[PDB]
file target.cif (mmCIF, C-alpha atoms and all ligand atoms; chains and numbers go by the auth columns)
data_run
loop_
_atom_site.group_PDB
_atom_site.id
_atom_site.type_symbol
_atom_site.label_atom_id
_atom_site.label_comp_id
_atom_site.label_asym_id
_atom_site.label_seq_id
_atom_site.Cartn_x
_atom_site.Cartn_y
_atom_site.Cartn_z
_atom_site.B_iso_or_equiv
_atom_site.auth_seq_id
_atom_site.auth_asym_id
ATOM 1 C CA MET A 1 0.000 0.000 0.000 0.00 1 A
ATOM 2 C CA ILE A 2 1.354 3.399 -1.024 0.00 2 A
ATOM 3 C CA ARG A 3 1.419 5.679 2.068 0.00 3 A
ATOM 4 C CA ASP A 4 1.051 9.451 2.302 0.00 4 A
ATOM 5 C CA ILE A 5 4.373 11.302 2.685 0.00 5 A
ATOM 6 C CA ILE A 6 4.067 14.033 5.269 0.00 6 A
ATOM 7 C CA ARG A 7 5.446 17.514 4.462 0.00 7 A
ATOM 8 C CA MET A 8 7.888 19.706 6.274 0.00 8 A
ATOM 9 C CA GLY A 9 6.131 21.532 8.997 0.00 9 A
ATOM 10 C CA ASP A 10 4.506 18.373 10.330 0.00 10 A
ATOM 11 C CA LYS A 11 5.678 17.955 13.919 0.00 11 A
ATOM 12 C CA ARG A 12 5.963 14.269 13.341 0.00 12 A
ATOM 13 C CA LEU A 13 9.119 14.838 11.293 0.00 13 A
ATOM 14 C CA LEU A 14 10.745 16.513 14.315 0.00 14 A
ATOM 15 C CA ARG A 15 10.571 13.499 16.697 0.00 15 A
ATOM 16 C CA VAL A 16 13.446 11.298 17.760 0.00 16 A
ATOM 17 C CA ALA A 17 12.230 7.816 16.665 0.00 17 A
ATOM 18 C CA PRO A 18 12.357 4.755 18.932 0.00 18 A
ATOM 19 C CA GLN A 19 13.968 1.458 17.973 0.00 19 A
ATOM 20 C CA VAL A 20 12.412 -1.328 15.953 0.00 20 A
ATOM 21 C CA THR A 21 11.745 -4.300 18.232 0.00 21 A
ATOM 22 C CA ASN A 22 9.857 -6.530 15.777 0.00 22 A
ATOM 23 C CA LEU A 23 12.607 -7.781 13.535 0.00 23 A
ATOM 24 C CA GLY A 24 11.440 -10.902 11.591 0.00 24 A
ATOM 25 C CA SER A 25 7.756 -10.134 12.101 0.00 25 A
ATOM 26 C CA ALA A 26 4.970 -10.041 9.447 0.00 26 A
ATOM 27 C CA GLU A 27 4.095 -6.534 10.658 0.00 27 A
ATOM 28 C CA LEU A 28 7.574 -5.155 9.966 0.00 28 A
ATOM 29 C CA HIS A 29 7.784 -6.980 6.545 0.00 29 A
ATOM 30 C CA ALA A 30 4.474 -5.349 5.488 0.00 30 A
ATOM 31 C CA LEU A 31 5.641 -1.876 6.660 0.00 31 A
ATOM 32 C CA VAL A 32 8.936 -2.279 4.734 0.00 32 A
ATOM 33 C CA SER A 33 7.070 -3.471 1.617 0.00 33 A
ATOM 34 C CA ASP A 34 4.891 -0.338 1.943 0.00 34 A
ATOM 35 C CA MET A 35 7.979 1.835 2.265 0.00 35 A
ATOM 36 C CA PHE A 36 9.582 0.458 -0.903 0.00 36 A
ATOM 37 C CA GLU A 37 6.277 0.981 -2.746 0.00 37 A
ATOM 38 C CA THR A 38 5.921 4.466 -1.470 0.00 38 A
ATOM 39 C CA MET A 39 9.522 5.405 -2.251 0.00 39 A
ATOM 40 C CA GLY A 40 9.016 3.898 -5.727 0.00 40 A
ATOM 41 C CA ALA A 41 5.824 5.833 -6.492 0.00 41 A
ATOM 42 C CA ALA A 42 7.517 9.123 -5.407 0.00 42 A
ATOM 43 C CA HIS A 43 10.692 8.317 -7.422 0.00 43 A
ATOM 44 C CA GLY A 44 12.909 8.595 -4.364 0.00 44 A
ATOM 45 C CA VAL A 45 16.194 6.976 -3.615 0.00 45 A
ATOM 46 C CA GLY A 46 15.583 6.823 0.144 0.00 46 A
ATOM 47 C CA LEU A 47 12.629 7.063 2.504 0.00 47 A
ATOM 48 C CA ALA A 48 12.644 7.070 6.357 0.00 48 A
ATOM 49 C CA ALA A 49 9.679 5.795 8.369 0.00 49 A
ATOM 50 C CA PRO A 50 8.982 9.184 9.972 0.00 50 A
ATOM 51 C CA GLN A 51 8.202 10.541 6.551 0.00 51 A
ATOM 52 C CA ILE A 52 5.105 8.305 6.378 0.00 52 A
ATOM 53 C CA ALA A 53 4.319 9.223 10.016 0.00 53 A
ATOM 54 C CA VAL A 54 5.697 6.002 11.419 0.00 54 A
ATOM 55 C CA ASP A 55 7.809 6.721 14.502 0.00 55 A
ATOM 56 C CA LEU A 56 10.498 4.010 14.120 0.00 56 A
ATOM 57 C CA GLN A 57 14.201 3.768 13.319 0.00 57 A
ATOM 58 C CA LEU A 58 13.704 2.390 9.887 0.00 58 A
ATOM 59 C CA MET A 59 14.754 3.483 6.409 0.00 59 A
ATOM 60 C CA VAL A 60 14.736 2.070 2.880 0.00 60 A
ATOM 61 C CA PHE A 61 17.046 3.155 0.089 0.00 61 A
ATOM 62 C CA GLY A 62 18.706 2.308 -3.214 0.00 62 A
ATOM 63 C CA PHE A 63 18.636 2.952 -6.943 0.00 63 A
ATOM 64 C CA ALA A 64 24.567 2.593 -7.850 0.00 74 A
ATOM 65 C CA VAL A 65 23.187 1.715 -4.461 0.00 75 A
ATOM 66 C CA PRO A 66 21.808 -1.712 -3.486 0.00 76 A
ATOM 67 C CA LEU A 67 18.171 -1.819 -2.450 0.00 77 A
ATOM 68 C CA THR A 68 18.234 -2.005 1.348 0.00 78 A
ATOM 69 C CA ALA A 69 15.922 -1.897 4.294 0.00 79 A
ATOM 70 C CA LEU A 70 17.782 -0.819 7.476 0.00 80 A
ATOM 71 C CA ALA A 71 16.473 -0.892 11.052 0.00 81 A
ATOM 72 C CA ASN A 72 18.170 0.698 14.129 0.00 82 A
ATOM 73 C CA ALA A 73 20.835 2.358 12.051 0.00 83 A
ATOM 74 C CA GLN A 74 24.082 3.646 13.582 0.00 84 A
ATOM 75 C CA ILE A 75 26.525 5.701 11.581 0.00 85 A
ATOM 76 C CA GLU A 76 30.174 6.599 12.148 0.00 86 A
ATOM 77 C CA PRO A 77 32.335 8.693 9.911 0.00 87 A
ATOM 78 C CA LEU A 78 35.513 6.946 8.650 0.00 88 A
ATOM 79 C CA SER A 79 37.277 10.260 8.123 0.00 89 A
ATOM 80 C CA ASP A 80 36.647 13.943 8.710 0.00 90 A
ATOM 81 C CA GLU A 81 36.507 14.691 5.007 0.00 91 A
ATOM 82 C CA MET A 82 33.302 16.528 3.976 0.00 92 A
ATOM 83 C CA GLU A 83 31.882 16.699 0.534 0.00 93 A
ATOM 84 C CA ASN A 84 29.203 18.997 -0.893 0.00 94 A
ATOM 85 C CA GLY A 85 26.439 17.602 -3.069 0.00 95 A
ATOM 86 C CA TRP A 86 22.835 18.118 -4.106 0.00 96 A
ATOM 87 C CA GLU A 87 19.979 16.949 -1.859 0.00 97 A
ATOM 88 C CA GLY A 88 16.191 17.043 -2.185 0.00 98 A
ATOM 89 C CA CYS A 89 13.464 15.657 0.099 0.00 99 A
ATOM 90 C CA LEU A 90 10.122 14.090 -0.683 0.00 100 A
ATOM 91 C CA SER A 91 8.734 15.959 2.346 0.00 101 A
ATOM 92 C CA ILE A 92 9.988 19.285 0.759 0.00 102 A
ATOM 93 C CA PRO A 93 8.749 18.856 -2.824 0.00 103 A
ATOM 94 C CA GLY A 94 10.282 20.903 -5.625 0.00 104 A
ATOM 95 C CA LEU A 95 13.271 22.109 -3.625 0.00 105 A
ATOM 96 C CA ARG A 96 16.987 21.334 -3.478 0.00 106 A
ATOM 97 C CA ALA A 97 20.174 22.557 -1.818 0.00 107 A
ATOM 98 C CA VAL A 98 23.848 21.831 -1.576 0.00 108 A
ATOM 99 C CA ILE A 99 24.651 20.089 1.710 0.00 109 A
ATOM 100 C CA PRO A 100 27.986 18.984 3.141 0.00 110 A
ATOM 101 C CA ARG A 101 28.107 15.328 4.364 0.00 111 A
ATOM 102 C CA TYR A 102 30.840 12.938 5.359 0.00 112 A
ATOM 103 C CA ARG A 103 32.285 11.451 2.293 0.00 113 A
ATOM 104 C CA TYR A 104 33.053 8.113 4.043 0.00 114 A
ATOM 105 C CA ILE A 105 31.057 6.269 6.644 0.00 115 A
ATOM 106 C CA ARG A 106 30.205 2.942 8.160 0.00 116 A
ATOM 107 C CA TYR A 107 26.662 2.144 8.924 0.00 117 A
ATOM 108 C CA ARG A 108 25.198 -0.722 10.947 0.00 118 A
ATOM 109 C CA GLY A 109 21.870 -2.030 11.959 0.00 119 A
ATOM 110 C CA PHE A 110 19.586 -4.842 10.914 0.00 120 A
ATOM 111 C CA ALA A 111 17.711 -6.081 7.891 0.00 121 A
ATOM 112 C CA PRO A 112 14.030 -6.657 8.507 0.00 122 A
ATOM 113 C CA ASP A 113 14.543 -10.394 8.937 0.00 123 A
ATOM 114 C CA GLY A 114 16.932 -9.743 11.896 0.00 124 A
ATOM 115 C CA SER A 115 20.228 -10.346 10.220 0.00 125 A
ATOM 116 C CA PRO A 116 22.892 -7.722 10.883 0.00 126 A
ATOM 117 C CA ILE A 117 24.020 -5.233 8.267 0.00 127 A
ATOM 118 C CA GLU A 118 27.369 -3.453 8.335 0.00 128 A
ATOM 119 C CA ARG A 119 28.795 -1.586 5.416 0.00 129 A
ATOM 120 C CA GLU A 120 31.355 0.971 4.496 0.00 130 A
ATOM 121 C CA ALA A 121 30.005 3.550 2.117 0.00 131 A
ATOM 122 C CA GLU A 122 31.263 6.555 0.268 0.00 132 A
ATOM 123 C CA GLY A 123 29.895 9.398 -1.888 0.00 133 A
ATOM 124 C CA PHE A 124 26.275 9.299 -2.903 0.00 134 A
ATOM 125 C CA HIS A 125 25.635 6.014 -1.054 0.00 135 A
ATOM 126 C CA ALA A 126 26.947 7.524 2.159 0.00 136 A
ATOM 127 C CA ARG A 127 24.985 10.761 1.571 0.00 137 A
ATOM 128 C CA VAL A 128 21.659 9.017 1.232 0.00 138 A
ATOM 129 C CA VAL A 129 22.226 7.086 4.423 0.00 139 A
ATOM 130 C CA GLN A 130 23.196 10.232 6.326 0.00 140 A
ATOM 131 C CA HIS A 131 20.123 12.059 4.986 0.00 141 A
ATOM 132 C CA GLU A 132 17.745 9.313 6.068 0.00 142 A
ATOM 133 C CA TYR A 133 19.435 8.881 9.386 0.00 143 A
ATOM 134 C CA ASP A 134 18.768 12.609 10.046 0.00 144 A
ATOM 135 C CA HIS A 135 15.049 11.923 9.760 0.00 145 A
ATOM 136 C CA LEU A 136 15.238 9.394 12.572 0.00 146 A
ATOM 137 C CA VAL A 137 16.552 12.148 14.828 0.00 147 A
ATOM 138 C CA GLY A 138 14.048 14.806 13.696 0.00 148 A
ATOM 139 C CA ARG A 139 16.507 16.743 11.469 0.00 149 A
ATOM 140 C CA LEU A 140 15.862 18.029 7.901 0.00 150 A
ATOM 141 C CA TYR A 141 18.364 19.252 5.342 0.00 151 A
ATOM 142 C CA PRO A 142 17.629 23.057 5.562 0.00 152 A
ATOM 143 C CA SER A 143 19.213 23.066 8.995 0.00 153 A
ATOM 144 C CA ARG A 144 22.425 21.878 7.387 0.00 154 A
ATOM 145 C CA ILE A 145 22.641 24.369 4.466 0.00 155 A
ATOM 146 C CA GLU A 146 25.833 26.534 4.632 0.00 156 A
ATOM 147 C CA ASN A 147 25.488 28.306 1.259 0.00 157 A
ATOM 148 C CA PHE A 148 21.935 29.674 0.836 0.00 158 A
ATOM 149 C CA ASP A 149 22.644 30.640 -2.722 0.00 159 A
ATOM 150 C CA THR A 150 22.231 26.925 -3.605 0.00 160 A
ATOM 151 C CA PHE A 151 18.827 26.506 -2.090 0.00 161 A
ATOM 152 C CA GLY A 152 16.019 26.776 -4.598 0.00 162 A
ATOM 153 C CA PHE A 153 13.430 25.133 -6.813 0.00 163 A
ATOM 154 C CA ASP A 154 14.733 22.253 -8.928 0.00 164 A
ATOM 155 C CA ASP A 155 13.343 23.632 -12.214 0.00 165 A
ATOM 156 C CA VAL A 156 14.967 27.009 -11.763 0.00 166 A
ATOM 157 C CA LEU A 157 18.333 26.341 -10.002 0.00 167 A
ATOM 158 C CA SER A 158 21.503 27.181 -12.069 0.00 168 A
ATOM 159 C CA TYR A 159 24.419 26.900 -9.499 0.00 169 A
HETATM 160 O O1 LIG B . 13.270 12.427 1.033 0.00 201 B
HETATM 161 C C1 LIG B . 14.093 11.581 1.511 0.00 201 B
HETATM 162 O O2 LIG B . 14.370 11.469 2.942 0.00 201 B
HETATM 163 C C2 LIG B . 14.461 10.874 0.208 0.00 201 B
HETATM 164 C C3 LIG B . 15.324 11.653 -0.824 0.00 201 B
HETATM 165 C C4 LIG B . 16.777 11.220 -0.540 0.00 201 B
HETATM 166 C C5 LIG B . 18.010 11.948 -1.052 0.00 201 B
HETATM 167 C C6 LIG B . 18.272 12.294 -2.379 0.00 201 B
HETATM 168 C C7 LIG B . 19.480 12.889 -2.727 0.00 201 B
HETATM 169 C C8 LIG B . 20.429 13.132 -1.775 0.00 201 B
HETATM 170 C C9 LIG B . 20.197 12.761 -0.472 0.00 201 B
HETATM 171 C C10 LIG B . 19.011 12.164 -0.116 0.00 201 B
HETATM 172 C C11 LIG B . 14.986 11.770 -2.304 0.00 201 B
HETATM 173 O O3 LIG B . 14.936 10.774 -3.022 0.00 201 B
HETATM 174 S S1 LIG B . 14.748 13.259 -3.078 0.00 201 B
HETATM 175 C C12 LIG B . 13.803 13.106 -4.578 0.00 201 B
HETATM 176 C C13 LIG B . 14.603 12.898 -5.864 0.00 201 B
HETATM 177 O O4 LIG B . 13.898 12.711 -6.854 0.00 201 B
HETATM 178 C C14 LIG B . 16.143 12.947 -6.012 0.00 201 B
HETATM 179 C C15 LIG B . 16.906 14.078 -5.577 0.00 201 B
HETATM 180 C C16 LIG B . 18.313 14.115 -5.756 0.00 201 B
HETATM 181 C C17 LIG B . 18.979 13.028 -6.375 0.00 201 B
HETATM 182 C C18 LIG B . 18.246 11.902 -6.808 0.00 201 B
HETATM 183 C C19 LIG B . 16.839 11.864 -6.629 0.00 201 B
HETATM 184 NI NI NI B . 0.191 -1.847 -3.729 0.00 202 B
HETATM 185 NI NI NI B . 39.068 13.888 -1.030 0.00 203 B
#
call {"tool": "encode", "arguments": {"input": "target.cif", "output": "structure tokens"}}
result
Amino acid sequence: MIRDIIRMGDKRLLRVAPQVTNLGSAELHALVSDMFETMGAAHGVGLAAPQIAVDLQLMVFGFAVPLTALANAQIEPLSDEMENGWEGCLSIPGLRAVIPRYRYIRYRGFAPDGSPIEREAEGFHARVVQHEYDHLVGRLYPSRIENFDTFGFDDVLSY
């Protein structure tokens, strides 16, 4: 089932989400399936559960980036190197900005069946994971913009 994506300004995007405690369950598998469908219908490359008003540490992502469902994610930078790049948000439709993110990270958590996930990622892969992770702690990308000249509507931006 395709779910409604809530828009920036909804208080529910500002919450710090609790952990998933139903790994391996039918309930979690159906929510994840819904998230992939939803992300797919909106043409996203990532979607966090708070964006469909589900208060859980859960994201889906991938596109080149392997299709992944990640519960209880933890991230750690693998160096201090930052990189700028374009980001948009399905909860902020039409807009984009340039945002600095760690170029290199490791992320860990669990697949929806309960098996552990732990990966090194770089570049766009790493950026997507950082972006979704931010949702789980009630943070959106405008609060990370450094250069406001880059923030604007997709169809008009020239930077
Ligand atoms: O809205 C989210 O939390 C999903 C989001 C993820 C994202 C894209 C690019 C960089 C970081 C995070 C989107 O998929 S935005 C919608 C979109 O069509 C898009 C934007 C930029 C690049 C590729 C796709
Ligand atoms: Ni369907
Ligand atoms: Ni470098």
call {"tool": "resolve_selection", "arguments": {"input": "target.cif", "expression": "the PyMOL selection byres (((not hetatm)) within 8 of (chain B and resi 203))", "output": "mmCIF file with C-alpha atoms, in the coordinates of the input"}}
result
data_model
loop_
_atom_site.group_PDB
_atom_site.id
_atom_site.type_symbol
_atom_site.label_atom_id
_atom_site.label_comp_id
_atom_site.auth_asym_id
_atom_site.auth_seq_id
_atom_site.Cartn_x
_atom_site.Cartn_y
_atom_site.Cartn_z
ATOM 1 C CA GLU A 91 36.507 14.691 5.007
ATOM 2 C CA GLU A 93 31.882 16.699 0.534
ATOM 3 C CA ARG A 113 32.285 11.451 2.293
#
call {"tool": "atom_distance", "arguments": {"input": "target.cif", "atom1": "atom CA of residue 78 of chain A", "atom2": "atom CA of residue 98 of chain A"}}
result
19.5 Å
call {"tool": "residues_near_point", "arguments": {"input": "target.cif", "point": "(29.7, 2.6, 6.0)", "cutoff": "6 Å", "atoms": "all atoms listed in the file", "output": "PyMOL selection string"}}
result
chain A and resi 115-117+129-131
call {"tool": "write_last_selection", "arguments": {"input": "target.cif", "atoms": "C-alpha atoms", "output": "PDB file, keeping the file's coordinate frame"}}
result
ATOM      1  CA  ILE A 115      31.057   6.269   6.644  1.00  0.00           C
ATOM      2  CA  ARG A 116      30.205   2.942   8.160  1.00  0.00           C
ATOM      3  CA  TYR A 117      26.662   2.144   8.924  1.00  0.00           C
ATOM      4  CA  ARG A 129      28.795  -1.586   5.416  1.00  0.00           C
ATOM      5  CA  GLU A 130      31.355   0.971   4.496  1.00  0.00           C
ATOM      6  CA  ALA A 131      30.005   3.550   2.117  1.00  0.00           C
TER       7      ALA A 131
END
call {"tool": "residues_near_point", "arguments": {"input": "target.cif", "point": "(24.0, 32.4, -4.4)", "cutoff": "12 Å", "atoms": "all atoms listed in the file", "output": "count of residues only"}}
result
12
call {"tool": "axis_aligned_box", "arguments": {"input": "target.cif", "around": "ligand LIG 201 (chain B)", "padding_each_side": "8 Å", "output": "lines of an AutoDock Vina configuration file"}}
result
center_x = 16.8
center_y = 12.4
center_z = -2.0
size_x = 23.2
size_y = 19.3
size_z = 25.8
call {"tool": "closest_residue", "arguments": {"input": "target.cif", "among": "A:30, A:133, A:9, A:106", "to": "residue 75 of chain A", "atoms": "all atoms listed in the file"}}
result
A:133
call {"tool": "build_atoms", "arguments": {"input": "target.cif", "residues": "segment 50-74 of chain A", "atoms": "N, CA and C atoms", "output": "compact mmCIF listing (two decimals), keeping the file's coordinate frame"}}
result
# COMPACT_ATOMS: atom_id res chain seq x y z
N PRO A 50 9.70 7.98 9.53
CA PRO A 50 8.98 9.18 9.97
C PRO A 50 8.31 9.98 8.87
N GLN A 51 8.83 9.89 7.66
CA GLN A 51 8.20 10.54 6.55
C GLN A 51 6.82 10.00 6.14
N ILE A 52 6.43 8.80 6.58
CA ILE A 52 5.11 8.30 6.38
C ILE A 52 4.46 8.24 7.73
N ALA A 53 4.89 9.09 8.65
CA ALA A 53 4.32 9.22 10.02
C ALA A 53 4.41 7.93 10.81
N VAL A 54 5.46 7.15 10.59
CA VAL A 54 5.70 6.00 11.42
C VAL A 54 6.95 6.30 12.22
N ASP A 55 6.76 6.35 13.54
CA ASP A 55 7.81 6.72 14.50
C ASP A 55 8.69 5.47 14.87
N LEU A 56 9.60 5.14 13.97
CA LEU A 56 10.50 4.01 14.12
C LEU A 56 11.78 4.31 13.40
N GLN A 57 12.85 3.75 13.94
CA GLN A 57 14.20 3.77 13.32
C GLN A 57 14.31 2.81 12.16
N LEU A 58 13.77 3.22 11.02
CA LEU A 58 13.70 2.39 9.89
C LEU A 58 13.80 3.26 8.62
N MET A 59 14.64 2.84 7.71
CA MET A 59 14.75 3.48 6.41
C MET A 59 14.84 2.41 5.31
N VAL A 60 14.48 2.83 4.10
CA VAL A 60 14.74 2.07 2.88
C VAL A 60 15.48 2.96 1.89
N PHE A 61 16.30 2.39 1.04
CA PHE A 61 17.05 3.16 0.09
C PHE A 61 17.57 2.28 -1.02
N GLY A 62 17.91 2.92 -2.14
CA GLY A 62 18.71 2.31 -3.21
C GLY A 62 18.05 2.54 -4.57
N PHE A 63 18.80 2.26 -5.62
CA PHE A 63 18.64 2.95 -6.94
C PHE A 63 19.20 2.00 -7.99
N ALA A 74 25.93 3.09 -7.96
CA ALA A 74 24.57 2.59 -7.85
C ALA A 74 24.46 1.82 -6.56
